[PDB]
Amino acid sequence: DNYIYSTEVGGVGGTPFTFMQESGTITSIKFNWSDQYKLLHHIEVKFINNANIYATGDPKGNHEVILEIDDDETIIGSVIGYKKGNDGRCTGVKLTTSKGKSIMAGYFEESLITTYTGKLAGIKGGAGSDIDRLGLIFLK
């Protein structure tokens, strides 16, 4: 692999997903969460040179945030909130970029992971009603 796989965090629940393109980096990512469940529920990704929107999980959240990533822009700082355990859930995401851009999504009330950094390339995990589990993917 020409990739780094960050630890998938959260539960074993929902349907597996893996978004990646052969010579392709993420150009846009969207987080949808609720104040009712304090969870992530829905994620969309767009890729470079590809108009196609790749979605997973049920967009039942009252908030969304999108981060748009320039062609030369990397993730230097990355934090996923989650609930640990087999019945676990991904609850939150902060990201910060080589250009001072940041996004903050959902809640960080239990467990965290400060992931690897670099050019964000894909995401992997499991999602149904909620984002059960999420790991980021980078280049080397």
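So that there is no doubt, residue numbering starts at 1 and follows the sequence shown.
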| item | value |
| --- | --- |
| Mean C-alpha temperature factor, higher of 43-51 and 59-67 | 43-51 |
| Higher-B stretch (mean Cα B-factor, as the entry records it), 115-123 or 13-21 | 13-21 |
| Member of 34, 91, 96, 86 with the greatest C-alpha B factor (per the PDB record) | 86 |
| Lowest, middle or highest third - CA B-factor, residue 79 | lowest |
| Chain-relative CA temperature factor third for residue 104 | middle |
